[PDB]
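Worksheet: one structure, shown below.
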Protein chains: 4
Amino acid sequence: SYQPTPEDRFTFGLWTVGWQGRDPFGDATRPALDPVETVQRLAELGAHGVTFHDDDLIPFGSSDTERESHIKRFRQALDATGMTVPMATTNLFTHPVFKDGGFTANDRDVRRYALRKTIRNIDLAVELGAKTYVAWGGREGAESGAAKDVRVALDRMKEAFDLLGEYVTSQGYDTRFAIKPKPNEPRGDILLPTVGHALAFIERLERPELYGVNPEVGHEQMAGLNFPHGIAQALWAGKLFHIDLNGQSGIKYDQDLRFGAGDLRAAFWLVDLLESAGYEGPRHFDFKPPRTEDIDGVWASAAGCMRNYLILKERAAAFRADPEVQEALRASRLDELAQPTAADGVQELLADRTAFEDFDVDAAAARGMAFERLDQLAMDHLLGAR
Amino acid sequence: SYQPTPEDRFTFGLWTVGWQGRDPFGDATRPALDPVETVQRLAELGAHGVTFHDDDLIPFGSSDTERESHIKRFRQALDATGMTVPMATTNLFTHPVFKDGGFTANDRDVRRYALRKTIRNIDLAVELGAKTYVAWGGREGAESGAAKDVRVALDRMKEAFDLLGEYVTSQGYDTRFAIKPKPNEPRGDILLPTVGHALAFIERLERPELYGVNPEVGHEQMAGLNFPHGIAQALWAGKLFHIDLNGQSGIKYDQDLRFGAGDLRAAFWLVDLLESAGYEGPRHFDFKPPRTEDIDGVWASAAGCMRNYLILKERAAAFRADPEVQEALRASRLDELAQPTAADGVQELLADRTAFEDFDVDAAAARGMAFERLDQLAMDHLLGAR
Amino acid sequence: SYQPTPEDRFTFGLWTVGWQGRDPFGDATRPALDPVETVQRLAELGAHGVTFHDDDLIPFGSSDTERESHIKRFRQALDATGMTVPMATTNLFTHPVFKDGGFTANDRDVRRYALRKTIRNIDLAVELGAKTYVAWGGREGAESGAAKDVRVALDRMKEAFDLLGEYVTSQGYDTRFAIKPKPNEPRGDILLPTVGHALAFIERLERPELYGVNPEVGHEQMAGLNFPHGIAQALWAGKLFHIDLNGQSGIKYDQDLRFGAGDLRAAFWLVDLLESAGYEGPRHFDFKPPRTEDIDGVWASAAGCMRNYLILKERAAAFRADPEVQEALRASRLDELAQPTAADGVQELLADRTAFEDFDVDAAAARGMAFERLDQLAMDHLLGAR
Amino acid sequence: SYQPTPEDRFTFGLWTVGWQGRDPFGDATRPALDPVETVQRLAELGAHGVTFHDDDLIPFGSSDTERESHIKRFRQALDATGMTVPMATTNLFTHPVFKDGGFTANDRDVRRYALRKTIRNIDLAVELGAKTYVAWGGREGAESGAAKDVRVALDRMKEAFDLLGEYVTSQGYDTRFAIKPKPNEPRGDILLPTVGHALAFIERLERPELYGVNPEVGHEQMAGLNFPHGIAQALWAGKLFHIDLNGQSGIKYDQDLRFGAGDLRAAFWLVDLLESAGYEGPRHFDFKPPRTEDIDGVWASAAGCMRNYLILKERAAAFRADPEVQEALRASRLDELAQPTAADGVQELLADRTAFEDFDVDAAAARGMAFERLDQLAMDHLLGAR
Ligand SMILES: O=C[C@H](O)[C@@H](O)[C@H](O)[C@H](O)CO
Ligand SMILES: O=C[C@H](O)[C@@H](O)[C@H](O)[C@H](O)CO
Ligand SMILES: O=C[C@H](O)[C@@H](O)[C@H](O)[C@H](O)CO
Ligand SMILES: O=C[C@H](O)[C@@H](O)[C@H](O)[C@H](O)CO
Ligand SMILES: [Mg+2]
Ligand SMILES: [Mg+2]
Ligand SMILES: [Mg+2]
Ligand SMILES: [Mg+2]
Ligand SMILES: [O-]
Ligand SMILES: [O-]
Ligand SMILES: [O-]
Ligand SMILES: [O-]
């Protein structure tokens with residue numbers, strides 16, 4: 001087959017297969033899953049680990065003894081299966097108190113509470129061995145213009161991230177942060193709407209080396225953006241700390257379909273990029289099995305996430321290893337793209353007449369790039385017609 | 001009226017009112033405009049200056065004496081009118097040689113030529129007194145995945161920008177660079193697709209202080225993004241070096257409608273932001289009078305750009321100066337957004353029981369944000385119903 | 001200013017002001033509203049009527065005796081205020097049994113249950129005085145290709161609507177049906193995604209005269225379509241039976257902002273069309289008070305809906321009434337557009353040398369359309385700068 | 001592998017391979033192709049026929065004698081290769097006289113000239129054997145609200161199409177007309193923007209049986225709509241007279257990528273629908289070889305169109321033929337979907353206690369639809385992992 005094993009580093013959040021199907025126009029179609037039950041069936045499917053929001057593991061408003069009790073049972077299922085916890089995050093979007101945001105809520109007291117709720121879950125994550133802590137600011141934003149002064153809201157967002165950075169620094173924790181962008185939903189527009197806005201923001205933080213991004217396929221596609229290109233810019237910057245894989249069919253509400261569904265060619269170019277750049281983190285799936293499905297359809301969907309990644313990995317490796325493709329890449333001058341434009345510097349370039357006054361503009365313009373032949377070769381490989 | 005005068009700093013490119021109406025499915029509907037003729041009618045409309053692509057002023061492939069001749073006549077119309085040239089740029093997209101890009105073309109020789117063509121126009125811009133040099137990489141991108149390795153293409157883009165930065169440094173020129181983002185068109189996806197991706201890229205340049213962004217209203221809207229929010233993040237970073245104003249009606253081809261058309265409420269929040277943050281650069285219009293129009297419709301459209309900015313400036317100033325609005329802003333706690341979340345630092349925050357263990361979550365959650373009242377106040381002011 | 005009266009016939013759904021605020025990523029921020037409180041509060045706001053889904057009025061699962069009690073409570077409040085009930089609809093989307101649809105579910109027994117639930121509410125709506133019954137097939141569709149054969153699903157959809165028409169015909173009821181299109185959400189793709197698809201479908205029912213459309217501003221805008229142009233096509237067809245007004249800020253999840261918010265110029269062009277076409281049905285607002293709001297924010301938002309419709313009505317009447325505008329329209333040849341192209345038939349046209357042989361194409365091509373001056377006059381009227 | 005033959009009836013427009021590459025921001029990258037070279041080259045590629053706009057074949061402005069010479073040259077090449085001409089159309093969008101439209105221009109004389117230009121090419125198309133004549137009203141629309149009264153424009157559009165039907169009826173021609181929808185570009189909004197709007201319009205013409213639609217993959221996707229679902233509705237209506245195949249990577253400018261590129265899974269679902277519905281018309285490709293390509297890239301791209309259609313045909317036949325799939329379909333109750341909801345009428349339905357009173361809603365709600373396993377089986381077939 002294309003069978004997962006933990007070496008594939010496939011991970012899933014408790015809230016993915018655990019989604020009960022409650023949406024904006026409909027009630028839950030499935031019962032709540034026990035986290036222990038999820039750890040056991042994911043290990044049987046070939047998964048390497050699980051991730052969690054604090055409120056996915058410990059129900060909101062738990063007493064301290066109830067909390068110890070929930071953390072205990074989960075720690076026990078983990079130990080018995082060999083499953084790891086590579087990443088964790090905080091829910092700063094479900095409770096009504098976060099209706100205007102967490103870190104950038106207009107009310108000062110909710111911002112402080114958002115910070116304490118996050119620090120408590122960071123202590124727990126480190127204990128369970130997580131090395132990345134994600135922040136998805138889903139309620140940071142606005143539906144209307146005067147409701148949020150975005151320059152002041154970015155001051156408060158930077159304040160919170162700097163505060164968390166000094167906190168993990170004083171404790172000597174080995175954990176880093178990853179910002180998860182999303183352009184809209186549940187808010188009209190969300191602050192730091194794309195991988196680019198998140199990367200630019202991090203450069204203004206006090207300790208920038210502590211923070212990176214955790215891009216999600218469907219989010220960048222909700223802005224009509226090219227997800228493989230955004231990932232290539234995060235890898236060029238040395239900031240791809242983690243990644244969430246799923247599917248989306250266009251610019252519409254966030255679907256969280258299983259990976260491979262939605263834009264299939266972009267899932268092929270994404271796998272090709274992650275494998276050839278040697279990304280070594282978790283291949284995390286942040287998807288929601290459709291609410292039409294019962295619990296068997298939930299595990300069939302999660303199995304399909306891992307399967308589609310292993311089929312696409314195989315076809316992309318076969319495409320880059322093919323002699324005919326290597327030759328087509330040379331024909332489209334991808335080798336010359338790797339050459340410096342002007343390693344001898346600006347003074348030699350200005351003195352070079354072949355670069356301007358003697359350049360044959362029309363002879364260069366008539367060279368076809370042979371890109372369509374190359375792309376049909378990539379299509380034959382993806383489709384297994386070679 | 002709402003009459004422009006040069007104090008308003010309104011500027012226009014030679015290619016805007018000069019557009020002949022040639023589009024992907026149709027030929028030109030208007031004759032070419034003489035640049036001198038454009039300088040004279042813009043000064044009569046109340047404009048402060050004009051901008052240009054090299055090939056808008058000096059037709060491609062001019063001989064050196066033809067070039068001196070074209071630069072002469074234009075310099076003469078400028079002097080006789082008092083019009084300034086605040087900005088200039090290079091056309092690295094119209095000639096067939098640039099069909100795979102300029103700075104990131106796969107062919108090494110075209111990249112060198114792209115750099116020499118740009119340096120020649122930088123010398124001319126400085127002479128005419130321009131203080132900002134724009135780069136719009138419209139052909140930097142791809143329609144297919146293997147045709148452009150984006151990590152290597154970002155190396156070549158950084159190489160070119162660093163080369164231009166050492167060039168203006170050695171010459172002692174007082175000019176800075178501004179990157180103009182666009183998500184797609186004419187290419188399938190364009191590198192540095194949004195204000196965020198451009199800001200993140202600049203932080204990886206050798207002399208980052210030399211570069212900023214020049215956002216265009218319609219471009220960010222072609223990705224469904226909020227343009228006032230993107231401008232607020234460029235102002236927060238200290239990188240809004242210039243701005244292009246126009247209109248767009250949604251996610252579709254780039255329309256370049258006159259400013260005020262398209263999303264009218266976003267043009268209101270944009271003017272409110274630029275005026276209250278005290279932006280001091282040109283209010284440049286990069287628009288195309290519809291090809292249904294004759295030359296009188298061309299000057300009526302350009303006049304409407306300046307008029308809509310002066311009406312929106314008036315209504316936004318009236319909105320922020322209204323006592324009822326100041327009170328509604330206090331009611332929605334925009335004042336508390338300006339307070340530091342935790343100026344006493346993380347140790348006091350962790351010791352503060354009112355922040356977590358004694359926080360009344362439900363009492364805070366029931367506080368309405370009063371945002372709808374605030375936004376109807378902004379709507380009454382925009383519409384002049386107060 | 002601008003107060004709503006009775007002949008304006010603004011109406012609101014029980015579910016609009018009654019939205020408690022739970023969305024895909026969060027829980028309710030408001031308590032449930034008793035329908036009689038909504039009838040009273042809306043009567044005091046100047047509303048002329050209320051509409052309802054069956055389950056907004058009678059909780060799902062109610063016994064025939066609890067049903068009777070909720071209905072008696074509701075008709076007392078109507079009786080006491082003089083509020084009308086112009087339209088009603090069925091909830092065939094919330095209960096998990098409708099997870100794959102109502103009328104086009106794959107399970108035959110769920111389809112029969114859908115039709116019995118609908119027929120039961122039709123009888124109720126008729127005695128209350130509603131003359132329009134709406135269908136919004138929100139769950140009719142799929143997230144994947146083989147899950148629904150769309151030709152067979154359109155035979156089931158037609159069969160359902162024909163059975164409904166047979167039933168109102170046998171009972172002698174005066175009621176007409178209106179289909180409300182939506183392109184996606186909660187399903188990946190919904191059947192009859194736009195006004196055009198719903199109009200074309202009606203033409204295939206056995207009694208087409210019983211069916212029309214109930215378009216919603218936001219829904220056509222979720223496909224990036226022009227909502228005023230869609231409504232002109234439904235009015236051209238004789239099928240605008242009802243309309244839902246609200247706002248949407250682009251292609252993204254369905255926002256249901258209050259009327260006037262979102263695309264403000266499309267709202268002016270819509271009110272200009274409806275008022276100049278003499279539409280006489282209800283002006284119904286199907287919107288959701290943002291969950292950031294308490295109940296005072298809910299009534300402020302609902303009042304804002306009516307106010308924005310009246311300001312835009314005044315501004316559009318002023319635009320059409322201005323002699324400079326009526327002159328601008330003649331300059332743009334909108335009067336020549338109402339002349340028949342060739343009222344004397346195709347033989348006359350063929351014989352006419354001035355229509356081809358002797359037509360002066362270049363003179364005709366050089367005529368400007370003067371559309372920009374005409375649109376800036378409309379901009380000055382909407383903004384009250386005229 | 002996979003070679004095109006004659007009974008596949010792949011056809012191409014003279015304008016597709018003949019695209020010289022000038023786009024809104026750049027000049028031609030290729031020389032013009034002589035039509036007889038295109039007929040010969042396409043015959044050698046395995047194409048069954050060519051289509052044409054009048055001005056692709058006879059340059060605009062030609063004298064009746066130059067016209068005769070281009071037509072004689074073209075019919076010799078067809079005669080010599082055995083290539084057919086299944087469809088033809090009129091260019092009513094390039095010449096500046098059509099800047100405001102053809103059939104719905106505001107100038108009455110341009111509308112009459114539009115109809116004479118069309119009638120002249122209809123006579124030509126009939127003697128060549130075309131049985132479908134396409135209309136793409138690319139300039140019919142507006143960029144602003146008062147520039148076009150859409151109800152009067154639909155009376156002019158209907159008047160034009162009725163005059164065309166009167167003309168083919170009087171001549172006894174066997175030709176049918178097909179409308180090709182497009183939502184926008186080159187106009188801000190185009191009239192009859194989708195398959196649904198065009199279908200609904202046809203129903204209002206005097207002879208509806210003479211008119212159907214010619215949908216294009218990319219155009220429905222520019223509105224974010226599901227192209228397989230639109231085509232199933234046109235087939236349900238009896239109106240899929242012709243179809244244009246290509247690719248589009250999202251909501252943006254009209255790309256016209258080769259067939260298979262863009263949304264690859266929508267292309268599989270389209271070929272599965274067309275082949276299982278037994279569509280018999282041409283498989284026409286209306287695409288543009290990217291301007292990065294020389295002429296060898298143009299023929300590689302055009303061959304790729306046919307190859308992708310044949311691979312997807314094989315993969316969809318294999319999916320429908322697999323017993324595990326046909327079992328999965330029964331598990332998802334696609335067979336219950338083809339059963340009448342209530343073939344014994346509405347009195348039987350009303351009397352049935354098992355349809356409402358005694359219906360076990362919770363048992364029915366708990367049934368899983370098994371749609372994910374069925375879609376991963378379709379994913380494995382498209383990818384040849386089965
Ligand atoms: O759109 C929803 C987000 O992607 C959500 O599922 C986040 O992943 C989670 O809050 C942790 O990052
Ligand atoms: O979409 C087109 C671009 O906006 C173009 O008009 C640039 O403005 C110009 O090349 C200079 O920046
Ligand atoms: O997207 C939601 C629909 O618009 C819904 O609110 C309908 O209004 C209702 O079911 C009656 O048509
Ligand atoms: O957007 C462009 C249209 O698709 C055009 O290529 C039509 O195919 C042609 O005019 C016949 O309909
Ligand atoms: Mg998501
Ligand atoms: Mg632009
Ligand atoms: Mg809605
Ligand atoms: Mg097209
Ligand atoms: O998500
Ligand atoms: O532009
Ligand atoms: O809605
Ligand atoms: O096209």
Side-chain angles (χ1 to χ4, degrees), chain A residues 11-20 31-44 47-98 102 109-110 112-136 163-164 167-177 282 284, chain B residues 346-362 364-365, chain C residues 26-27:
Chain A
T11 61
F12 291 83
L14 293 178
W15 71 92
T16 64
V17 290
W19 185 56
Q20 295 176 252
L33 279 178
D34 181 326
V36 180
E37 177 179 32
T38 302
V39 173
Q40 300 173 248
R41 262 92 270 166
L42 284 179
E44 295 163 11
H48 172 260
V50 289
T51 67
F52 64 95
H53 287 94
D54 48 357
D55 301 333
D56 301 330
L57 175 55
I58 300 122
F60 187 90
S62 282
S63 59
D64 197 62
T65 67
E66 294 173 9
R67 179 187 165 93
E68 171 285 332
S69 178
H70 284 105
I71 295 165
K72 188 202 82 292
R73 344 210 315 299
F74 180 68
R75 228 182 51 242
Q76 171 257 270
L78 251 20
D79 280 347
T81 48
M83 293 287 272
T84 65
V85 175
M87 172 283 269
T89 182
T90 327
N91 182 319
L92 299 181
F93 55 83
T94 299
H95 199 87
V97 77
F98 299 124
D109 58 352
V110 175
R112 281 175 70 80
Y113 174 69
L115 278 171
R116 293 288 307 268
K117 190 174 195 290
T118 301
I119 284 174
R120 192 171 197 217
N121 204 49
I122 279 169
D123 295 335
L124 175 54
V126 169
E127 290 182 21
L128 261 39
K131 267 81 175 189
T132 295
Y133 196 85
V134 166
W136 169 49
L163 229 281
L164 291 176
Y167 180 66
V168 309
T169 294
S170 66
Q171 301 297 287
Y173 285 169
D174 188 342
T175 195
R176 66 233 257 85
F177 300 93
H284 178 250
Chain B
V346 97
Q347 257 44 253
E348 281 300 344
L349 172 63
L350 295 174
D352 192 353
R353 291 185 61 88
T354 71
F356 192 60
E357 28 285 285
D358 293 326
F359 187 59
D360 197 332
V361 159
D362 295 281
Chain C
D27 300 330

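Keep in mind that the numbers below use all heavy atoms, side chains included, and drop hydrogens, waters and symmetry copies. Naming convention: chains lettered A, B, ... in sequence-line order (proteins, then strands); numbering from 1 in each chain.
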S62(A) and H70(A) side chains, donor-acceptor separation under 3.5 Å: no
Side chain to side chain, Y133(A) and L164(A), heavy atoms closer than 4.5 Å: no
Shortest non-hydrogen separation from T175(A) to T132(A) and the atoms involved: OG1-N, 4.1 Å
Set of residues satisfying salt bridge (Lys or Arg N to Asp or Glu O under 4.0 Å) with respect to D352(B), sequence neighbours excluded: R112(A)
Any side-chain heavy-atom pair of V50(A) and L78(A) under 4.5 Å: yes
Side-chain donor or acceptor of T89(A) paired with backbone N/O of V134(A) under 3.5 Å: yes
side-chain contact (heavy atoms from CB on, under 4.5 Å) assessment of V110(A) paired with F359(B): CA-CA 9 Å; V110(A) 175; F359(B) 187 59; 4.2 Å; yes
Between OG1 on residue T51(A) and CH2 on residue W15(A), distance to nearest 0.5 Å: 3.0 Å
Flag for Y113(A)-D360(B): side-chain donor and acceptor within less than 3.5 Å: no
Min side-chain heavy-atom separation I122(A)-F177(A) under 4.5 Å: yes
Non-neighbouring partners of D54(A) that pass salt bridge (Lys or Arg N to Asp or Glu O under 4.0 Å), sequence neighbours left out: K117(A)
Sequence-distant partners of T94(A), side chain to side chain donor-acceptor pair (under 3.5 Å), two or more places apart: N91(A)
Test log, rule side-chain contact (heavy atoms from CB on, under 4.5 Å), inputs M87(A) and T11(A): CA-CA 9 Å; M87(A) 172 283 269; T11(A) 61; over 6 Å; no
From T354(B) atom OG1 to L349(B) atom CG, the distance as rounded to the nearest 0.5 Å: 9.0 Å
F52(A) side chain near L128(A) side chain, heavy-atom distance below 4.5 Å: yes
Contact check, side chains of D27(C) and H95(A), non-hydrogen atoms, under 4.5 Å: no
Value rounded to 0.5 Å, distance of CD1 in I119(A) from CG in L163(A): 6.5 Å
Those residues that, when tested against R176(A), pass side chain to side chain donor-acceptor pair (under 3.5 Å) (two or more places apart): none
Minimal non-hydrogen separation, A32(A) against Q20(A), with atom names: N-NE2, 3.5 Å
Where at least one partner belongs to residues 61-88 of chain A, residue pairs that pass salt bridge (charged side-chain N to carboxylate O under 4.0 Å, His left out), sequence neighbours excluded: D34(A)-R73(A), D64(A)-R120(A)
Atom pair CZ/CG of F356(B) and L115(A) - distance to nearest 0.5 Å: 11.5 Å
Heavy-atom check, side chain of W136(A) versus side chain of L92(A), under 4.5 Å: no
Where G102(A) and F98(A) come nearest, the two heavy atoms and their spacing: CA-CD2, 4.2 Å
Taking every non-hydrogen atom, the tightest pair across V36(A) and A77(A): CG1-CB, 3.8 Å
Partner set under side chain to side chain donor-acceptor pair (under 3.5 Å) for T38(A), not counting sequence neighbours: none
Exam field: side chain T84(A) to backbone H48(A), donor-acceptor pair closer than 3.5 Å: yes
Pairwise distance CG(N121(A)) to CD1(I58(A)) - rounded to 0.5 angstrom: 6.5 Å
Flag side-chain contact, heavy atom, 4.5 Å: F74(A) against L14(A): yes
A130(A) versus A88(A), closest heavy-atom pair with distance: CB-N, 4.2 Å
Spacing of NZ belonging to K131(A) relative to OH belonging to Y173(A), to within rounding of 0.5 Å: 13.0 Å
